[PDB]
């Protein structure tokens, strides 16, 4: 028979501290092992657990995975999620003479922003660039950043930085353009942003 490995959900976004559940299934129960991996952007895979066909579970730290070979299922449980768990999680099985990977769960574990202070700032132009650059920062993790209505305005997705020695984390998104009818006041107009967002005078 043809092996098919299915993983759900395709993507999971959750607040830090929550437990989470990742599902894997395989239609051909004649496997020798099941493995779980994580993969970070721009890197290879790291092995997290290997469950032999004769085993029902494996545990490592906050990770526990079950295997029900005859049902064709494995569940990966991640306790008390942390931002550094953010990665793509891959399920693989070893068949008699083939190996098969699922399509992955892309996990994003969001920081709890204790003191949100949403604001849109204009950065200084570069004497070596022709772009105008705007920074939406310090918003809570429930805020979603949308793409611009305009094809020559570029907006990145929210990115979390950690200022370790101040125990401070913050979200931001960058918007830029080199068109002239462009204002940081309006750069994020296609996003639902907090009504209390600070817009300093320019």
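Numbering follows the first chain given and starts at 1.
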| item | value |
| --- | --- |
| Residue range whose averaged C-alpha B-factor is higher in the record, 33-41 or 53-61 | 53-61 |
| Of 143-151 and 166-174, the stretch whose C-alpha atoms average the higher B-factor in the entry | 143-151 |
| Top Cα B factor in the deposited entry, candidates 193, 24, 21, 12 | 193 |
| Residue, from 82, 114, 74, 108, that the PDB entry assigns the highest Cα B-factor | 114 |
| Position of residue 88 among the chain's modelled residues by C-alpha B-factor, lowest, middle or highest third | lowest |
| Residue 96 CA temperature factor, ranked by third within the chain | highest |
